[PDB]
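# pasting an experimental structure, sequence included:
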Protein chains: 2
Amino acid sequence: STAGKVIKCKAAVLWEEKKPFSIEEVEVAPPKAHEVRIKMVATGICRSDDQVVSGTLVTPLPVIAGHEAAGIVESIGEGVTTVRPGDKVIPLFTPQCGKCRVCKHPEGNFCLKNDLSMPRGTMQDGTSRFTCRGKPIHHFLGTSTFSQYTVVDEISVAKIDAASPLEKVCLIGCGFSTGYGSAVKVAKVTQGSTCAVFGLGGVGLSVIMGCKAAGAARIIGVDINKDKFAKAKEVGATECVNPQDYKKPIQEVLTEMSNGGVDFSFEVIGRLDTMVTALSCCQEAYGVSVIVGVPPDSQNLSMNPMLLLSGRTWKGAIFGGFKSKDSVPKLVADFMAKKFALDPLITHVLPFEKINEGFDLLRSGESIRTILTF
Amino acid sequence: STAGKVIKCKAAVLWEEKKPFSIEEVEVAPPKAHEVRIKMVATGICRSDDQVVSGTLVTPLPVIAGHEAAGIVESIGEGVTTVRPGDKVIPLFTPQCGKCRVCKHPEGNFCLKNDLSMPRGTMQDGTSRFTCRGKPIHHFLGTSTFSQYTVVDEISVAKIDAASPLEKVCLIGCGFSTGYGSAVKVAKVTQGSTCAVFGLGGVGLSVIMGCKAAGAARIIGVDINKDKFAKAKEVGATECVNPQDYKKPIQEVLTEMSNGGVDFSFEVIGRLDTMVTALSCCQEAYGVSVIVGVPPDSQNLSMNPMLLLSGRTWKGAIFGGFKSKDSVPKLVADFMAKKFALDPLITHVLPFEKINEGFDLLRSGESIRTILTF
Ligand SMILES: NC(=O)c1ccc[n+]([C@@H]2O[C@H](COP(=O)([O-])OP(=O)([O-])OC[C@H]3O[C@@H](n4cnc5c(N)[nH+]cnc54)[C@H](O)[C@@H]3O)[C@@H](O)[C@H]2O)c1
Ligand SMILES: NC(=O)c1ccc[n+]([C@@H]2O[C@H](COP(=O)([O-])OP(=O)([O-])OC[C@H]3O[C@@H](n4cnc5c(N)[nH+]cnc54)[C@H](O)[C@@H]3O)[C@@H](O)[C@H]2O)c1
Ligand SMILES: OCc1c(F)c(F)c(F)c(F)c1F
Ligand SMILES: OCc1c(F)c(F)c(F)c(F)c1F
Ligand SMILES: [Zn+2]
Ligand SMILES: [Zn+2]
Ligand SMILES: [Zn+2]
Ligand SMILES: [Zn+2]
């Protein structure tokens, strides 16, 4: 029995920016009221985790990062009603409290209990459940999945199908659901439309999947790494373009290709310049552009508002617009029902001990998703 | 009996930026194929016409400005099918050719034959119908309503009810329709919502009318001229705020007043800083902000894209999102049926010869709309 006791386990601690993860023993406190302790089974490597390493996504350090995962409930605190010991679960980096004005809104998903806007790196109660070498360690987005065991608030966990394969469905905790929902829920891609997707990583591939599911006629993938094109075409891109191949700026190229602008564009990289390019390539009167990539901390973009005055719509979203706790179990059931595929996103499967190697595959351009297994 | 002949008439010619209009004789050529010559009856003074004088809205000079008007067809060119001599008409500063990809789209209204994006100051065939002192004079937006007679392309004119009061319905040619449609069509304001309207001129008052027609529960007007507040409350504002009264930035004030941000905000001024403030004050997860004001030429704004990534929508529109030639006659029929009021917008009436006094009233802050009568 571990229930009610401190667990000593392995975790990947990031002590300061621009350093490898350190794989060492941490102590994980038992869950308090309304908290859940989870034994991790699989976690993905998302570019957002790398941005924490880079320092472009700011969160308190030292930290246990990781937010795209799946595991099994080890124990529950007093008052927990939505999961039990032995349940398969996905932690939710966007919580769903069900009580705030956003949770009550039909189209909101960015719950006011989130730890994204103004990150504290704690549990809801303002404290940490983690220590390492006698020092308190911060949580990340109320998830912290780069650990054999984590503790999450009940509003930050969803119970999923007992038969689901956790080394695949961990992607429903971030990159699949984000990209797919950006297309089908946030943009509301229409049948017969032309879409442009900037960035052909795991999230951008998921946007392509959604555009194809929504019946887009043309899906133009855009990436500076032409090694990404073959998989983008496998999941539905009709054409791929590398901005580096052209004398003209790519917004001009895509406007020409689409006979006057695309219906829907997506920025799935995280750069200010590509957010403005993506907006500009959508048709001036009725185009929609969705920002999915996470921009660099504290930097503003510059843009001409005439792009909007002619009729364009610009919007962004976290987690594909999905209300997290309602939607994650439904997405897992849809995957079990063969409504969408996850294998095209998974290029590498490594033991958790090879986390640094996984990040080097992402940085070098080789991987889409590496799944780490515990 | 003027049909096929040059007409000599008075017009207000703008020879140079930052100068009074010159009321003097012009020559108006007869209409070519698919053109309509109109005897003007009434024209409004819109801030966009003043921005031309200021040089912040660029169009070629010398010019006959004016775009918000109503008149009576004097003659038609070869091939015209949609109006006849003696019909009451409103010139359309946004055309509706009915054939381009925008005109065919269900949402779009910014027809590709517009003269707004890259203004030439000509008719569709690239020539002018106006001479003054033996020199060619530019058109403005394909309308040029500050003249006793104008010539417009058939795609830039709508036939309206024969019993229409032209001294009121001229406002359907720009300010009323723009503001009202920005609320009801572009933003799609919902019953029970909270709205913020930045700028309480004739367009912003029309936005308030639309928000109240849509059932908003709270409509907060924002203006630095507190003399604007009484009329804003008459047409539906529930409260007004003057940014100059507050130590804190008005986005923070409006976020506090709305218990975490408004549902819908509207920028109806034309300044870069209020475009960013208006986006900021809508609720971060589900808010919508609409740009209606016309920004200063060739200037970029700076903003933090995290405002969008949390879930906000930012859009703009021309002419309230209305397909112009379909919509104008319906709006006139609705006015005739008392579905909305125009009198609250009309604060002054002057003869056309007093155009410079009408512009002085707008610049002083004293008027909403002055209507000029020919
Ligand atoms: N909104 C959310 O909820 C959410 C969720 C998941 C990820 N993200 C962000 O989404 C972005 C993509 O994540 P990911 O798919 O894991 O990353 P990724 O696998 O690194 O993919 C990014 C792709 O962009 C390509 N790229 C880089 N620079 C350019 C450029 N200038 N022009 C065109 N292509 C370029 C690059 O080659 C790569 O294939 C990151 O910014 C993440 O932080 C956001
Ligand atoms: N999108 C369109 O189709 C369209 C159509 C009509 C007008 N316009 C533009 O809409 C804008 C408003 O036109 P209008 O109603 O005729 O002008 P207006 O009558 O000048 O009203 C603008 C209001 O803004 C107020 N204002 C000025 N600066 C500020 C400030 N910093 N903060 C708060 N309030 C301030 C000002 O006191 C005035 O009451 C102008 O930019 C027009 O060019 C756009
Ligand atoms: O990849 C998902 C993700 C985000 F979308 C963010 F906006 C963020 F700040 C972050 F830390 C994160 F992990
Ligand atoms: O007031 C309507 C109006 C606009 F919305 C513009 F964008 C524009 F350039 C213009 F000249 C105009 F008159
Ligand atoms: Zn909530
Ligand atoms: Zn992620
Ligand atoms: Zn058209
Ligand atoms: Zn106007």
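Okay, I see it. Numbering: from 1, shown residues only, chains lettered A, B, ... in the order given. Ligands and ions are numbered 1, 2, ... in the order given.

# residue A:69 and chain B, how far apart?
Counting by C-beta to the nearest C-beta, to the nearest Å, the gap from residue A:69 to chain B is 22 Å. Placement of C-beta: from N, CA and C, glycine included.

# count of neighbours near that residue?
Here the number of neighbours of residue A:69 (other C-beta atoms under 10 Å in any protein chain shown) works out to 31.

# residue A:147 is in contact with that one, correct?
No - between residue A:69 and residue A:147 there is no contact under C-beta atoms under 8 Å: 9.5 Å.

# what is in contact with those two at once?
Shared contacts of residue A:69 and residue A:147, defined by C-beta atoms under 8 Å, 6 or more residues apart in numbering or on different chains, are found at residue A:40.

# whether the one helix or strand residue A:209 maps to contacts ligand 1 - can you check?
In this structure, residue A:209 sits in helix A:202-213 according to DSSP states H and E. Yes - judged by C-beta under 6 Å from any ligand atom, helix A:202-213 comes into contact with ligand 1 at A:202-204.

# what helix or strand is residue A:49 on?
Using DSSP H and E, residue A:49 falls within helix A:47-54.

# which elements pack onto that helix?
Here helix A:47-54 touches helix A:355-364, going by 3 or more C-beta pairs under 8 Å, 6 or more residues apart in numbering or on different chains; DSSP states H and E.

# specify the angle between the helix it packs on and helix A:202-213 in degrees.
Interaxial angle, helix A:355-364 versus helix A:202-213 (axes from the mean of the first three to the mean of the last three C-alpha atoms, to 10 degrees): 60 degrees.

# what are the contacting residues of helix A:355-364?
By C-beta under 8 Å, 6+ apart, the residues outside helix A:355-364 that reach it are A:12, A:20-21, A:23, A:45, A:47, A:49-50, A:53, A:146, A:347-348, A:350, A:367, A:370, A:372.

# and the next element down the chain from that helix?
Moving toward the C-terminus from helix A:355-364, the next helix or strand (DSSP H and E) is strand A:369-373.

# could you list the paired strands of that following strand along with their orientation?
strand A:35-44 (antiparallel), strand A:346-351 (parallel) (DSSP bridges).

# residue A:240 belongs to a strand?
Yes - when DSSP: H, G, I helix; E, B strand; the rest coil is applied, residue A:240 is found to be in a strand.

# all helices of the stretch 251-374 of chain A, in order?
Taking DSSP state H, counting those that start in this stretch to define them, one finds helices in the stretch 251-374 of chain A at A:272-281, A:306-309, A:324-336, A:355-364.

# whoops, I mixed them up, the stretch 101-250 of chain A
Using DSSP H, counting those that start in this stretch, helices in the stretch 101-250 of chain A cover A:101-104, A:166-169, A:175-181, A:202-213, A:229-235, A:250-257.

# do the last one and ligand 1 meet?
No - where contact is defined by C-beta under 6 Å from any ligand atom, no part of helix A:250-257 touches ligand 1; the two come within 8.0 Å at best.

# and that helix, what's buried?
Neighbour counts using 16 or more other C-beta atoms under 10 Å in any protein chain shown place A:250-251, A:253-255, A:257 of helix A:250-257 among the buried residues.

# same thing with stretch A:186-204?
A:186-187, A:189-190, A:193-204.

# at the contact with ligand 6, which residues of chain A appear?
A:46, A:48, A:174 (C-beta under 5 Å from the ion).

# and which of those residues is nearest to ligand 5?
Nearest to ligand 5 among these, counting by C-beta to the ion, is residue A:174 at 18.9 Å.

# wait, that closest one touches residue A:93, no?
Yes - applying C-beta under 8 Å, one finds residue A:174 in contact with residue A:93, separated by 6.6 Å.

# higher neighbour count, those two?
Taking other C-beta under 10 Å, residue A:174 and residue A:93 do not tie; residue A:174 has more neighbours (33 against 28).

# what residues are up against the more buried one?
Listed by C-beta under 8 Å, 6+ apart, the contact partners of residue A:174 are A:44, A:46, A:48, A:67-68, A:93, A:319.

# if we go to 7 Å?
Neighbour list for residue A:174: A:44, A:46, A:67-68, A:93 [criterion: C-beta atoms under 7 Å, 6 or more residues apart in numbering or on different chains].

# also residue A:323?
Per C-beta under 7 Å, 6+ apart, neighbours of residue A:323: A:96, A:109.

# ok, it to residue A:161 distance?
19 Å (C-beta to C-beta, to the nearest Å).

# with residue A:103 instead?
For residue A:103, the distance to residue A:161 (C-beta to C-beta) stands at 24 Å.

# can you pull out the strands in the stretch 101-250 of chain A?
Shown for the stretch 101-250 of chain A, the strands assigned by DSSP state E, counting those that start in this stretch span residues A:130-132, A:135-137, A:149-153, A:157-159, A:194-198, A:218-222, A:239-241.

# check contacts around the closest residue to residue A:55 other than its chain neighbours.
The spatially closest residue to residue A:55, leaving aside those adjacent along the chain, is residue A:17, at 4.1 Å (C-beta to C-beta, 6 or more residues apart in numbering or on different chains). Counting by C-beta under 7 Å, 6+ apart, residue A:17 makes contact with A:53, A:55, A:61.

# now swap in residue A:283 and tell me
A:260-263 are the contacts of residue A:283 under C-beta under 7 Å, 6+ apart.

# between the residues you listed, which is closest to chain B?
Nearest to chain B out of the contacts of residue A:283 is residue A:260 (C-beta to the nearest C-beta; 6.1 Å).

# for residue A:219, see how far away that closest one is.
Counting by C-beta to C-beta - residue A:260 and residue A:219 are separated by 18 Å.

# ok, these two, which is more surrounded?
Legend: neighbour count by other C-beta under 10 Å for residue A:260 and residue A:219, higher for residue A:219 (29 against 15).

# just confirm that one contacts residue A:240, I think it does.
No - if you go by C-beta atoms under 7 Å, residue A:219 and residue A:240 don't touch, sitting 9.5 Å apart.

# my read: residue A:155 touches residue A:93, true?
No - counting by C-beta under 7 Å, residue A:93 is not a contact partner of residue A:155; they are 11.7 Å apart.

# got the buried residues for stretch A:266-275?
In terms of neighbour count (16+ other C-beta under 10 Å), stretch A:266-275 has its buried residues at A:266-272, A:274-275.

# what sits against the one residue in the stretch 151-300 of chain A that gets nearest to ligand 2?
Using C-beta to the nearest ligand atom, residue A:285 is the residue of the stretch 151-300 of chain A that sits closest to ligand 2, at 12.7 Å. Taking C-beta under 7 Å, 6+ apart as the contact definition, residue A:285 lies against A:310-311, B:102, B:108-110.

# kindly report the same for residue A:184.
Taking C-beta under 7 Å, 6+ apart, we find residue A:184 in contact with A:210, A:213-214.

# for the residue in the stretch 151-300 of chain A positioned nearest to ligand 3, give me its contacts.
Residue of the stretch 151-300 of chain A nearest ligand 3, by C-beta to the nearest ligand atom: residue A:294 (4.5 Å). With contact taken as C-beta under 7 Å, 6+ apart, residue A:294 is in contact with A:48, A:51, A:57, A:270, B:309.

# separation between the last one and residue A:202?
When C-beta to C-beta is the yardstick, residue B:309 and residue A:202 sit 18 Å from each other.

# again with the first one
Distance of residue A:48 to residue A:202, computed by C-beta to C-beta: 11 Å.

# again, but for the second one
Using C-beta to C-beta, one gets 14 Å for the distance from residue A:51 to residue A:202.

# distance between the ends of stretch A:257-268?
In terms of C-alpha to C-alpha, to the nearest Å, the two terminal residues of stretch A:257-268 are separated by 20 Å.

# tell me if it is near chain B.
Yes - using C-beta under 7 Å from any C-beta of the partner chain, stretch A:257-268 reaches chain B at residue A:260.
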